[PDB]
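Engineer: First the structure, which I've put down as structure tokens, then a few questions once you've had a look.
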Amino acid sequence: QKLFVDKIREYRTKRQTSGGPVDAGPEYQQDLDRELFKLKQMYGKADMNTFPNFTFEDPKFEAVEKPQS
Amino acid sequence: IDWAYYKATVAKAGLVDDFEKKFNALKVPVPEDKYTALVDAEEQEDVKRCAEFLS
């Protein structure tokens, strides 16, 4: 019970932070950036809302055009 | 294409709603047939040849 209440108090202390971890970490941002770059490379580059729309023509149009037609 | 409702249910729904409004504005073209007249062209000549052969 004593350890539980102590840890609850420290969790509330963590919640007292305005934002982010108390220890931001010199390498936490670098690791997050590396992971984000890896995810972007794996999943491919994507814009916020880009929705391209290009339609091709009929491919390999087969016809009856021949000398014996 | 029912993902738009799923996107609304998806937590990220706000700007996705505007994009869905854009999505409903999408239009897909329909190709137009070009060889249809060419096929119909030869039938008359073949019919004439058949009539001459019959006679």
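Engineer: Going by what's in this entry, would A:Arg12 be described as over 29 Å from B:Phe23 (Cα atoms) and loosely packed, with under 10 Cβ neighbours inside 10 Å?
Structural biologist: Values: over 29 Å from B:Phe23 (Cα atoms): yes; loosely packed, with under 10 Cβ neighbours inside 10 Å: yes.
For A:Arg12, the condition - over 29 Å from B:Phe23 (Cα atoms) and loosely packed, with under 10 Cβ neighbours inside 10 Å - is met.
Engineer: Here is a further query. Residue under question is A:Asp31, and the condition is that it be part of a helix (DSSP H, G or I) and of a type in the set (D, E, K, R); does it hold?
Structural biologist: Yes, satisfied.
Engineer: May I ask you to say which residue of B:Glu20, B:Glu43, B:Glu32 is under 31 Å from the mean Cα position of the chain (by Cα) and farther than 30 Å from A:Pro59 by Cβ? Explain how you work it out, then say what you get.
Structural biologist: Working: B:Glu43 fails: farther than 30 Å from A:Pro59 by Cβ; B:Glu32 fails: farther than 30 Å from A:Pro59 by Cβ.
Criteria check complete, one pass: B:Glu20.
Engineer: Any chance you could count how many residues in region A:34-69 are under 12 Å from the mean Cα position of the chain (by Cα) and assigned to a loop (DSSP other than H, G, I, E, B)?
Structural biologist: Counting residues in region A:34-69 that are under 12 Å from the mean Cα position of the chain (by Cα) and assigned to a loop (DSSP other than H, G, I, E, B) gives 5.
Engineer: Any idea which of (1) farther than 30 Å from B:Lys22 by Cα; (2) more than 14 Å from every other protein chain (Cβ to nearest Cβ); (3) basic (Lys, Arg) is the one A:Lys66 doesn't satisfy?
Structural biologist: So A:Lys66 meets the others, but not (2).
Engineer: Among the residues in region A:43-57, are any away from chain B (no Cβ under 14 Å) and at negative phi?
Structural biologist: So in region A:43-57, the residues away from chain B (no Cβ under 14 Å) come out as A:43-45.
Add one more test, that the residue is at negative phi, and what stays is A:43, A:45.
The answer is yes, given that some residue of region A:43-57 is away from chain B (no Cβ under 14 Å) and at negative phi.
Neighbour counts are summed over all protein chains in view; Cβ atoms, including those assigned to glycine, are modelled from backbone coordinates with ideal geometry. Every number here is computed from the coordinates shown, using simple stated rules; none is lab data.
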